[PDB]
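Read-outs throughout are calculated quantities, based only on the coordinates presented, and are distinct from any laboratory measurement. Heads up, the Cβs are rebuilt from the backbone with ideal geometry, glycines too, and the neighbour counts pull from every protein chain shown.
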Ligand SMILES: Cc1cc2nc3c(=O)[nH]c(=O)nc-3n(C[C@H](O)[C@H](O)[C@H](O)COP(=O)(O)OP(=O)(O)OC[C@H]3O[C@@H](n4cnc5c(N)ncnc54)[C@H](O)[C@@H]3O)c2cc1C
Ligand SMILES: Nc1nc2c(c(=O)[nH]1)N[C@H]1C(S)=C(S)[C@@H](COP(=O)(O)O)O[C@H]1N2
Ligand SMILES: O=c1nc2[nH][nH]cc-2c(=O)[nH]1
Ligand code: MOS
Ligand code: MOS
Ligand code: FES
Ligand code: FES
Ligand SMILES: [Ca+2]
Ligand SMILES: [Ca+2]
């Protein structure tokens, strides 16, 4: 799969995962992620169209 | 280097390293990933690249919006401009803009490749005028071309902004308050006064001058620097003439070059003012000022009506037109005749000079010094006793290069008819704009009278001479126009000084009546389910995505990061030995990867349908355009530049170019083809009359708006390769790529999503590109792609076969035919390809709709040093049908009988046998004919035509009604086969795959309609993604108009298997849904996957025995057309066309009427506008829309009526439908035969009174052929010692 | 599992009618296709898994 | 294919059933637009069930070629396949198996 050449406009996804076995998600803050060069977006449940 | 800062669809773009050679189109497509804007020509003629530009006007304190060609707009002209593309106005993902919704719902989009360009032309109009007039709407599209639709539905849908195929009450009204705002950041930057900018590219430096002082300093330091305003000349010079200007200055910002001053002698325009600004100022002047003051202004406006289109007029500068000094400038003759005043400046100098004959001393030069720039132009008020005309004649009225163009001015002594000043200035008659000074000088102090007319004509004939080797040719036509223009001026001036009423129309400037369009078709039965869409006018399923720019064509596929570009290296010689190839210059171009030739091929260099072609030339080239090799580079521009400097050394061989050359040299492919029935000798013996002649029909270029293109992806395993191809023939693409690689066919996957046009051009000739790009992917191990530039496409890929015919027809005094012999010769070019099958179909259509008891037709394929000719919509049919109607037209003239009576009395009857012994069953021509005669009011209009011809000396009308029949099936029996593959997924959604490809004809739409009816589920549950060789193998090319018939049956059969498998589940749960039955089948382990297959029964004609069925059935139709010719210029109007087409029970009357209108307009193009010109040495001159004129929006019949015949089920095809793709093209010949009728009226008037003369009119009947056939006192002005008595 | 190739997906959005082509390291192209379709809220016939 | 040689076994099966060399048979990939509604490759059963499905597809091809084989019994596989194509016989089929 990853040997397939990338498109010139191909982006890369990295999963954000829980560090807790069982918890409420109180908030998510992406304000530090946003400053990393080449950041495109943060996806979460609300972005799902279906 | 400065930052370039502009906006695209409201989003700021900061380009830190602008290259001055970068076009907006390349930037949009390759840097911003907005692939809705298309490349169709790269030369400003097609409008596929249209965008809207918006900027703040300093001098007007307002936001202005205008259209532009992105192919010619340098990004370096766009600092602080806002661009809007198709993606900026709407999308299927958000909401369509009214313009998008209406072109899609109106059936204005077929292949869809022109749709974004036409959307952006219409959008721009609406942003300037939210409630335009019908004339403003038509004028929006002077610079847009569509090959598919025949324009009628685009204009009728958009007319809504000023049973049924569409319902305008469904349409969302336009709401200008909801348009995207002008970018607020741009409106803030309007406050900061401009600064000089510098952009540095790989080869070119660009200075944007902010002030006049900066401009004059730069020109003093760099006198060689090219100014660029519009780039509509320099862009052509750089791209097509291999010119490199290392320094460019753009003075477009300078207020003095943009100023408009109303003075006492006239109106001054800055040299950077756009022609559209000039036009708007002069129109306002003509509305406000007295007639006598605006004579020159109205001359300028008349030329600007016919000057390119909106996109080019919105960016083209006055100063650019004047200083380019093209021999064919439409404005320089007007500026010269009027003595328009030119203000010229350099650092520390300024002068004003009236333009006169000395301003243009030689080819492309003016009397500016190298340090000088044109600052401003004053177009003069006309005086008392001063009159002006301006005239342009070209190949096509709209967006064309002048053949001849002029400005004419006369000044009389006060209150008199006595000439004080006369100026007749012409373009197109020399290497510069010229004045007929010798001629006009002899008339000073003469009076405006018949003797002055005769003297000026004889003088123009002597002074404006053309040697037989004049560039452009058409020597007799151009000389005639120079006189014919003066005659029009002469009569116009008599009227303005004050004519016989039969002379008045010669003085009228072009005027069209408003359009009238009626479509008639059959309502579906009262009881038919709403989910059964068969027989309903369902729009093309991709129409909305085509209108939004979301529809992906091959080059729109994103490139891989490691993807390379291929440029073909082609022969510049008709026939030569290749002695050496030197790549040493090419290897120096940055990003050069390799040069490929025959020796790089790992399998076979033998290719082509008959194995008689090279993949790459070896030892010899056999046409101009013959592919020798290919450059691969890191960008398309680097591939182009490197290919251009590959040096091939040739040794010329004797060349055979023309049909006559081939006949003389015995250069033919195979032996004569022949059909013979009855007894020719006895038939000619019985004949009252015999006419013999010869006829020629010119070729045709497909002009698919999307040119050929292939992406080849090498997988690096077992020879595997996946190709994305613009082709009608995925199967031959696969086998040809496999044969060249020397790998099994099972290693090669070809995928065809859609084509932006094919029209037969992509049935075989697409492999020329596919196999070269596949070799490049094989050799590099990288993805490679190539999309042909228009000029490469026209040169290399072939066209319709030119035909020469020798005919002999025996008939009775009644017009009844008793004998016919026709010898056909086709120009086949340098390989067989489909030439043999095309000649077979020509021979099968030499009868048209006429019973001929004694008949012999022969065919020869001429083998020539021209690109190989191929399939074109009609496939030999249109040539043979044209030859038929030409001798039929001559029988009616010879007999002195009305042509419709002679056609009717010769027509086949139900159950007759053709000349190839096939029985005509359901022969509907008689119903189409009687209905077309009635609804066209033919008889009443024939007397109106005769009345107009009596009342008009210099204009004539013609009327003709012709039938056609078209045999439906591949003439190659084994091609009449079709496969489908259908999957039902566990959600009940259906994926259909079939062997057919989509090129705009709505095949996938019809196949979805067919599957939805067969399965009894809504179309919403069925999808067709693409065509691919790993879903349906061994597919026939999408060709011969049979795709709906054969893929419809294969899909139908696959649906029946699915129904039979679900039957047990439907029975067990009769109240269930589709989804319940499908899930229950899945859970019971029943397969929801099947093939379908169809084999057309009872086909197999033999030329040896003249027996067996050639065709499954015939599609029939009738067309009546009326034209008006201008006997003095050769221009004509298409006034009215009525068509009645038998398409059986139409699966989709919107798509079928669209096929009839599209086909009819491509035929109209074939017979009246489209001409390819070649050097005596075999080099194509005509290689883009600038010189090859396809039908334009303004070309179509003004009243355009289409009816589909009612109550005519065809039991020989799927749901009682008939093939419609090709059959209607020949009906375009109705316009040709109406033009011939009109020319006979012109020749009765001024040539001779032989009412039975047979003058030869070849195809196409261009303005040259029409003007030259109208023999008169003018053609006559434009010798041997002894003559035997 | 310690498959030497970890999980991998390439997703290519075609931009037309919700169409997507996915290259996937999976034993279950069918559930990949129906799960991607369910999340997008498009019919399964729009999703190609290779 | 995950390393267990399923494609290898399916080529070996198709070669035996068709009586042609494995060199004439190729498997490129698995795709939802060629075979829909597939069970996951699992439970060790893929050779058993896809082997049956391939077998049955090969039996349909052989039945289609049979008239051409009987017409030209000394001909090659390639002669029979071209004769079938020219006679407008379909050389595409599904196979299926239900345990
Ligand atoms: C599709 C199409 C259709 C066309 N139709 C027609 C037509 O019907 N009739 C016709 O006559 N032309 C036609 N043209 C030609 C062209 O559009 C016009 O000549 C136009 O006026 C050129 O102006 P521009 O600003 O684009 O010139 P550019 O290409 O920007 O420059 C043209 C030349 O003028 C020089 N120049 C420009 N401004 C000045 C100045 N102030 N002082 C000195 N030198 C200057 C430049 O150095 C250059 O040599 C057509 C072009 C296209 C692409
Ligand atoms: N819009 C559009 N219509 C078109 C074409 C095309 O390329 N674009 N090709 C024509 C030709 S040459 C043929 S043979 C048929 C093939 O399609 P069909 O068999 O599905 O009618 O479409 C005709 N109509
Ligand atoms: O080989 C053929 N190719 C064709 N294209 N369109 C009609 C055709 C025919 O009769 N034969
Ligand atoms: O038969 Mo159309 O591809 S000329
Ligand atoms: O059944 Mo194997 O995929 S655990
Ligand atoms: S691509 Fe720009 S006008 Fe044709
Ligand atoms: S729809 Fe206009 S070129 Fe095809
Ligand atoms: Ca072509
Ligand atoms: Ca040929």
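Out of curiosity, is residue C:36 within 11 Å of chain A (Cβ to nearest Cβ) and out of contact with any helix residue (DSSP H, G or I) (no Cβ under 8 Å at 6 or more places or on another chain)?
Here the answer is yes, as residue C:36 does meet what is asked.
Filter region B:686-711 for residues that are under 30 Å from residue B:750 (Cα atoms) and away from ligand 7 (no atom under 16 Å from the Cβ); which is surrounded by the fewest Cβ atoms within 10 Å (Cβ to Cβ)?
Restricting to residues being under 30 Å from residue B:750 (Cα atoms) and away from ligand 7 (no atom under 16 Å from the Cβ), the top hit is B:711.
Kindly indicate the residue of region B:277-317 that is in a loop (DSSP other than H, G, I, E, B) and within 12 Å of ligand 1 (Cβ to nearest atom) and also farthest from residue B:71 (Cα to Cα) among those meeting that condition.
Ranking the qualifying residues of region B:277-317, first place goes to B:306.
I'd like to know if region C:31-50 contains one or more residues that are loosely packed, with under 15 Cβ neighbours inside 10 Å and at positive phi.
Yes - at least one qualifying residue is present in region C:31-50.
Looking only at residues in region B:940-989 that are in contact with a helix residue (DSSP H, G or I) (Cβ under 6 Å, 6 or more places away or on another chain) and within 14 Å of chain C (Cβ to nearest Cβ), which one is surrounded by the most Cβ atoms within 10 Å (Cβ to Cβ)?
Per the criteria, the residue is B:984.
Looking at B:678, B:683, can you tell me which residue is more than 30 Å from residue B:748 (Cα to Cα), surrounded by fewer than 18 Cβ atoms within 10 Å (Cβ to Cβ) and either away from chain D (no Cβ under 14 Å) or within 16 Å of ligand 7 (Cβ to nearest atom) (or both)?
B:678
Quick grid of which residues meet (1) more than 12 Å from every other protein chain (Cβ to nearest Cβ); (2) over 45 Å from the mean Cα position of the chain (by Cα):
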{"position": "B:1060", "(1), (2)": "yes, yes"}
{"position": "B:1074", "(1), (2)": "yes, yes"}
{"position": "B:1081", "(1), (2)": "no, yes"}
{"position": "B:1085", "(1), (2)": "no, yes"}
{"position": "B:1099", "(1), (2)": "no, no"}
{"position": "B:1116", "(1), (2)": "yes, no"}
{"position": "B:1119", "(1), (2)": "yes, no"}
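Give me the pairs, please: first residue somewhere in region D:32-49 and closer than 24 Å to residue B:1028 by Cα, second residue anywhere and more than 16 Å from ligand 8 (Cβ to nearest atom) and in a loop (DSSP other than H, G, I, E, B), beta-carbon distance under 6 Å, and either six or more positions apart or on two chains.
Pairs found: D:36/B:985; D:37/B:986; D:37/B:1088.
Restricting attention to region B:788-809, which residues are part of a strand (DSSP E or B) and surrounded by fewer than 23 Cβ atoms within 10 Å (Cβ to Cβ)?
B:806, B:807, B:808
Quick check: is even one residue across region B:1235-1255 within 18 Å of the chain's Cα centre (by Cα), part of a helix (DSSP H, G or I), more than 16 Å from ligand 7 (Cβ to nearest atom) and away from chain D (no Cβ under 14 Å)?
For region B:1235-1255, residues within 18 Å of the chain's Cα centre (by Cα), part of a helix (DSSP H, G or I), more than 16 Å from ligand 7 (Cβ to nearest atom) and away from chain D (no Cβ under 14 Å): absent.
Regarding residue B:354, is this residue more than 16 Å from ligand 3 (Cβ to nearest atom), under 19 Å from residue B:374 (Cα atoms), more than 14 Å from chain C (Cβ to nearest Cβ) and surrounded by fewer than 20 Cβ atoms within 10 Å (Cβ to Cβ)?
So residue B:354 passes the test.
Just checking, how many residues over region B:183-213 are in contact with a strand residue (DSSP E or B) (Cβ under 7 Å, 6 or more places away or on another chain) and farther than 30 Å from residue B:234 by Cα?
3
Report whether or not residue B:1024 is in contact with a strand residue (DSSP E or B) (Cβ under 7 Å, 6 or more places away or on another chain), within 16 Å of ligand 4 (Cβ to nearest atom) and within 12 Å of chain D (Cβ to nearest Cβ).
Judged against the criteria, residue B:1024 is not a match.
Out of the residues in region B:1200-1227 that are within 29 Å of the chain's Cα centre (by Cα) and over 19 Å from residue B:933 (Cβ atoms), state the one that is farthest from ligand 4 (Cβ to nearest atom).
B:1218
Do you know which residues across region B:626-675 are surrounded by 17 or more Cβ atoms within 10 Å (Cβ to Cβ) and assigned to a helix (DSSP H, G or I)?
Selection gives B:636, B:637, B:638, B:639, B:640, B:641, B:642, B:643, B:659, B:661, B:662.
For residue B:927, which of the numbered conditions (1) out of contact with any helix residue (DSSP H, G or I) (no Cβ under 8 Å at 6 or more places or on another chain); (2) more than 30 Å from residue B:856 (Cα to Cα) fails to hold?
Here residue B:927 clears every test but (2).
Yes or no: region B:724-739 includes at least one residue that is within 14 Å of chain D (Cβ to nearest Cβ), over 36 Å from the mean Cα position of the chain (by Cα) and either on the phi < 0 side of the Ramachandran plot or outside any loop (DSSP other than H, G, I, E, B) (or both).
No, every residue in region B:724-739 fails to be within 14 Å of chain D (Cβ to nearest Cβ), over 36 Å from the mean Cα position of the chain (by Cα) and either on the phi < 0 side of the Ramachandran plot or outside any loop (DSSP other than H, G, I, E, B) (or both).
Condition first: within 13 Å of the chain's Cα centre (by Cα), under 12 Å from residue B:987 (Cβ atoms) and either at the interface with chain A (Cβ under 9 Å from one of its Cβ atoms) or crowded, with 19+ Cβ neighbours inside 10 Å (or both). Can you find one or more residues in region C:5-25 that meet it?
no
Evaluate region B:118-139: report whether one residue or more is near ligand 7 (Cβ under 9 Å from one of its atoms) and either part of a helix (DSSP H, G or I) or within 14 Å of chain C (Cβ to nearest Cβ) (or both).
Yes, the conditions are met somewhere in region B:118-139.
List pairs: first residue in region D:75-99 and facing chain B (nearest Cβ under 7 Å), second residue surrounded by fewer than 16 Cβ atoms within 10 Å (Cβ to Cβ) and part of a loop (DSSP other than H, G, I, E, B) anywhere in the structure, Cβ distance under 6 angstrom, at least six positions apart or on different chains.
D:98/B:1085
Among what's in region B:742-774 and is within 14 Å of another protein chain (Cβ to nearest Cβ) and part of a helix (DSSP H, G or I), pick the residue that is nearest to residue B:797 (Cα to Cα).
Here the residue is B:745.
Report those helices (runs of 4 or more DSSP H) wholly inside region B:831-939 carrying at least 2 residues which are within 32 Å of the chain's Cα centre (by Cα) and surrounded by fewer than 19 Cβ atoms within 10 Å (Cβ to Cβ).
B:925-935
Any chance region B:1033-1045 includes a residue that's within 11 Å of chain C (Cβ to nearest Cβ) and in contact with a helix residue (DSSP H, G or I) (Cβ under 7 Å, 6 or more places away or on another chain)?
Checked against the condition, which is being within 11 Å of chain C (Cβ to nearest Cβ) and in contact with a helix residue (DSSP H, G or I) (Cβ under 7 Å, 6 or more places away or on another chain), region B:1033-1045 yields no hits at all.
Could you tell me which numbered condition residue B:573 fails, if it satisfies all but one of (1) part of a loop (DSSP other than H, G, I, E, B); (2) surrounded by 21 or more Cβ atoms within 10 Å (Cβ to Cβ); (3) within 14 Å of chain A (Cβ to nearest Cβ)?
(3)
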